[PDB]
Amino acid sequence: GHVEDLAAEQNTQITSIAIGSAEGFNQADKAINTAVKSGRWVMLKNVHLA
């Protein structure tokens with residue numbers, strides 16, 4: 001919530017993404033690939049299960 005409201009105040013939309021699901025790894029991979037060339041904030045939630 002802290003970084004969520006921080007991004008909201010900064011008015012920069014973010015991609016909150018889970019990690020637990022099997023699709024989550026691929027989703028985060030493409031999110032990183034598409035954000036490093038655009039300047040967006042990728043957010044991965046509870047990334048400790050992998």
# chains A, B, ... in the order shown; residues from 1 in each chain; ligands from 1
$ select_by_dssp --residues "chain A" --states "strand (DSSP E)" --output "PyMOL selection string"
chain A and resi 14-17+41-44
$ write_last_selection --atoms "C-alpha atoms" --output "PDB file, in the first residue's frame"
ATOM      1  CA  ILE A  14       2.306   0.640 -12.173  1.00  0.00           C
ATOM      2  CA  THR A  15       1.925  -3.072 -12.948  1.00  0.00           C
ATOM      3  CA  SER A  16       1.252  -4.933  -9.719  1.00  0.00           C
ATOM      4  CA  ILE A  17       1.968  -8.586 -10.517  1.00  0.00           C
ATOM      5  CA  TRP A  41       7.483   0.981 -12.525  1.00  0.00           C
ATOM      6  CA  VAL A  42       7.078  -2.799 -12.490  1.00  0.00           C
ATOM      7  CA  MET A  43       5.869  -4.058  -9.101  1.00  0.00           C
ATOM      8  CA  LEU A  44       6.198  -7.712  -8.138  1.00  0.00           C
TER       9      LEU A  44
END
$ residues_around --residues "residue 46 (chain A)" --least-positions-apart "6" --cutoff "12 Å" --atoms "only C-alpha atoms" --output "MDAnalysis selection string"
chainID A and resid 16:21 24
$ atom_distance --atom1 "CA of residue 3 (chain A)" --atom2 "CA of residue 40 (chain A)"
13.7 Å
$ atom_distance --atom1 "CA of residue 49 (chain A)" --atom2 "CA of residue 26 (chain A)"
14.8 Å
$ select_by_dssp --residues "region 5-43 of chain A" --states "alpha helix (DSSP H)" --output "list in words"
residues 5, 6, 7, 8, 9, 10, 22, 23, 24, 25, 26, 27, 28, 29, 30, 31, 32, 33, 34 and 35 of chain A
$ write_last_selection --atoms "N, CA and C atoms" --output "JSON list (two decimals), in the first residue's frame"
[["chain", "number", "residue", "atom", "x", "y", "z"],
["A", 5, "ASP", "N", 0.27, 3.99, -2.94],
["A", 5, "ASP", "CA", -0.15, 5.37, -2.78],
["A", 5, "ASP", "C", 0.94, 6.34, -3.22],
["A", 6, "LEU", "N", 2.21, 5.96, -3.07],
["A", 6, "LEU", "CA", 3.29, 6.80, -3.57],
["A", 6, "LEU", "C", 3.22, 6.95, -5.08],
["A", 7, "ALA", "N", 3.00, 5.85, -5.80],
["A", 7, "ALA", "CA", 2.85, 5.92, -7.24],
["A", 7, "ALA", "C", 1.60, 6.69, -7.63],
["A", 8, "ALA", "N", 0.52, 6.53, -6.87],
["A", 8, "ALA", "CA", -0.69, 7.29, -7.14],
["A", 8, "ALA", "C", -0.45, 8.79, -7.01],
["A", 9, "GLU", "N", 0.26, 9.21, -5.95],
["A", 9, "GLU", "CA", 0.60, 10.62, -5.79],
["A", 9, "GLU", "C", 1.51, 11.09, -6.91],
["A", 10, "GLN", "N", 2.50, 10.27, -7.27],
["A", 10, "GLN", "CA", 3.38, 10.58, -8.39],
["A", 10, "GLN", "C", 2.65, 10.53, -9.73],
["A", 22, "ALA", "N", 2.05, -19.94, -11.92],
["A", 22, "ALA", "CA", 2.99, -20.36, -12.95],
["A", 22, "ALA", "C", 3.06, -19.34, -14.08],
["A", 23, "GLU", "N", 1.91, -18.74, -14.44],
["A", 23, "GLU", "CA", 1.90, -17.67, -15.43],
["A", 23, "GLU", "C", 2.60, -16.41, -14.93],
["A", 24, "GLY", "N", 2.74, -16.27, -13.61],
["A", 24, "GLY", "CA", 3.31, -15.05, -13.05],
["A", 24, "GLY", "C", 4.73, -14.78, -13.51],
["A", 25, "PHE", "N", 5.54, -15.83, -13.63],
["A", 25, "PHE", "CA", 6.93, -15.64, -14.07],
["A", 25, "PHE", "C", 6.98, -15.02, -15.45],
["A", 26, "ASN", "N", 6.22, -15.59, -16.40],
["A", 26, "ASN", "CA", 6.17, -15.05, -17.75],
["A", 26, "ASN", "C", 5.57, -13.65, -17.78],
["A", 27, "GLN", "N", 4.51, -13.42, -17.00],
["A", 27, "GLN", "CA", 3.89, -12.10, -16.97],
["A", 27, "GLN", "C", 4.89, -11.05, -16.50],
["A", 28, "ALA", "N", 5.62, -11.34, -15.42],
["A", 28, "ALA", "CA", 6.64, -10.42, -14.95],
["A", 28, "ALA", "C", 7.77, -10.25, -15.96],
["A", 29, "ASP", "N", 8.13, -11.33, -16.67],
["A", 29, "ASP", "CA", 9.20, -11.23, -17.66],
["A", 29, "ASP", "C", 8.85, -10.24, -18.76],
["A", 30, "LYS", "N", 7.68, -10.40, -19.38],
["A", 30, "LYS", "CA", 7.24, -9.41, -20.37],
["A", 30, "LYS", "C", 6.99, -8.03, -19.77],
["A", 31, "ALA", "N", 6.53, -7.94, -18.52],
["A", 31, "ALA", "CA", 6.36, -6.62, -17.92],
["A", 31, "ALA", "C", 7.70, -5.90, -17.82],
["A", 32, "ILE", "N", 8.74, -6.62, -17.39],
["A", 32, "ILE", "CA", 10.08, -6.03, -17.32],
["A", 32, "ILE", "C", 10.56, -5.64, -18.71],
["A", 33, "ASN", "N", 10.37, -6.52, -19.70],
["A", 33, "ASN", "CA", 10.85, -6.23, -21.04],
["A", 33, "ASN", "C", 10.17, -5.00, -21.64],
["A", 34, "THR", "N", 8.87, -4.85, -21.40],
["A", 34, "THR", "CA", 8.14, -3.71, -21.96],
["A", 34, "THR", "C", 8.25, -2.45, -21.12],
["A", 35, "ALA", "N", 8.78, -2.53, -19.90],
["A", 35, "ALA", "CA", 8.88, -1.34, -19.07],
["A", 35, "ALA", "C", 10.25, -0.68, -19.12]]
$ decode --residues "region 11-30 of chain A" --atoms "N, CA and C atoms" --output "PDB file, in the first residue's frame"
ATOM      1  N   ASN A  11       1.434   9.982  -9.767  1.00  0.00           N
ATOM      2  CA  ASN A  11       0.630   9.881 -10.987  1.00  0.00           C
ATOM      3  C   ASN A  11       1.320   9.036 -12.050  1.00  0.00           C
ATOM      4  N   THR A  12       2.038   8.007 -11.612  1.00  0.00           N
ATOM      5  CA  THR A  12       2.667   7.041 -12.500  1.00  0.00           C
ATOM      6  C   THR A  12       2.033   5.679 -12.271  1.00  0.00           C
ATOM      7  N   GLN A  13       1.290   5.200 -13.264  1.00  0.00           N
ATOM      8  CA  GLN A  13       0.631   3.910 -13.135  1.00  0.00           C
ATOM      9  C   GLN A  13       1.649   2.775 -13.197  1.00  0.00           C
ATOM     10  N   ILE A  14       1.370   1.725 -12.429  1.00  0.00           N
ATOM     11  CA  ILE A  14       2.306   0.640 -12.173  1.00  0.00           C
ATOM     12  C   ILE A  14       1.625  -0.690 -12.469  1.00  0.00           C
ATOM     13  N   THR A  15       2.432  -1.730 -12.672  1.00  0.00           N
ATOM     14  CA  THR A  15       1.925  -3.072 -12.948  1.00  0.00           C
ATOM     15  C   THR A  15       2.177  -3.956 -11.731  1.00  0.00           C
ATOM     16  N   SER A  16       1.187  -4.012 -10.845  1.00  0.00           N
ATOM     17  CA  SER A  16       1.252  -4.933  -9.719  1.00  0.00           C
ATOM     18  C   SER A  16       1.013  -6.357 -10.207  1.00  0.00           C
ATOM     19  N   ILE A  17       1.979  -7.239  -9.959  1.00  0.00           N
ATOM     20  CA  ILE A  17       1.968  -8.586 -10.517  1.00  0.00           C
ATOM     21  C   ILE A  17       2.326  -9.584  -9.423  1.00  0.00           C
ATOM     22  N   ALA A  18       1.570 -10.678  -9.351  1.00  0.00           N
ATOM     23  CA  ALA A  18       1.871 -11.749  -8.414  1.00  0.00           C
ATOM     24  C   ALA A  18       2.972 -12.652  -8.969  1.00  0.00           C
ATOM     25  N   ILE A  19       3.497 -13.520  -8.104  1.00  0.00           N
ATOM     26  CA  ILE A  19       4.632 -14.362  -8.467  1.00  0.00           C
ATOM     27  C   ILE A  19       4.275 -15.831  -8.260  1.00  0.00           C
ATOM     28  N   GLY A  20       3.318 -16.092  -7.367  1.00  0.00           N
ATOM     29  CA  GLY A  20       3.008 -17.467  -7.005  1.00  0.00           C
ATOM     30  C   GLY A  20       2.552 -18.314  -8.179  1.00  0.00           C
ATOM     31  N   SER A  21       1.731 -17.742  -9.057  1.00  0.00           N
ATOM     32  CA  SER A  21       1.187 -18.498 -10.176  1.00  0.00           C
ATOM     33  C   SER A  21       2.278 -18.849 -11.184  1.00  0.00           C
ATOM     34  N   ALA A  22       2.049 -19.943 -11.917  1.00  0.00           N
ATOM     35  CA  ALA A  22       2.991 -20.357 -12.953  1.00  0.00           C
ATOM     36  C   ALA A  22       3.055 -19.337 -14.085  1.00  0.00           C
ATOM     37  N   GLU A  23       1.915 -18.739 -14.436  1.00  0.00           N
ATOM     38  CA  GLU A  23       1.901 -17.672 -15.430  1.00  0.00           C
ATOM     39  C   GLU A  23       2.599 -16.412 -14.926  1.00  0.00           C
ATOM     40  N   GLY A  24       2.744 -16.272 -13.607  1.00  0.00           N
ATOM     41  CA  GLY A  24       3.307 -15.054 -13.050  1.00  0.00           C
ATOM     42  C   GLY A  24       4.727 -14.784 -13.506  1.00  0.00           C
ATOM     43  N   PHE A  25       5.543 -15.835 -13.632  1.00  0.00           N
ATOM     44  CA  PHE A  25       6.927 -15.645 -14.066  1.00  0.00           C
ATOM     45  C   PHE A  25       6.977 -15.015 -15.452  1.00  0.00           C
ATOM     46  N   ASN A  26       6.223 -15.586 -16.396  1.00  0.00           N
ATOM     47  CA  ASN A  26       6.170 -15.047 -17.749  1.00  0.00           C
ATOM     48  C   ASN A  26       5.565 -13.648 -17.780  1.00  0.00           C
ATOM     49  N   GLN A  27       4.508 -13.421 -17.000  1.00  0.00           N
ATOM     50  CA  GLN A  27       3.895 -12.101 -16.966  1.00  0.00           C
ATOM     51  C   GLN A  27       4.894 -11.052 -16.500  1.00  0.00           C
ATOM     52  N   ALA A  28       5.619 -11.339 -15.419  1.00  0.00           N
ATOM     53  CA  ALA A  28       6.643 -10.416 -14.947  1.00  0.00           C
ATOM     54  C   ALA A  28       7.770 -10.254 -15.960  1.00  0.00           C
ATOM     55  N   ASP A  29       8.131 -11.327 -16.671  1.00  0.00           N
ATOM     56  CA  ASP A  29       9.199 -11.231 -17.663  1.00  0.00           C
ATOM     57  C   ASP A  29       8.853 -10.238 -18.764  1.00  0.00           C
ATOM     58  N   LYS A  30       7.676 -10.398 -19.377  1.00  0.00           N
ATOM     59  CA  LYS A  30       7.241  -9.415 -20.370  1.00  0.00           C
ATOM     60  C   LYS A  30       6.992  -8.034 -19.768  1.00  0.00           C
TER      61      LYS A  30
END
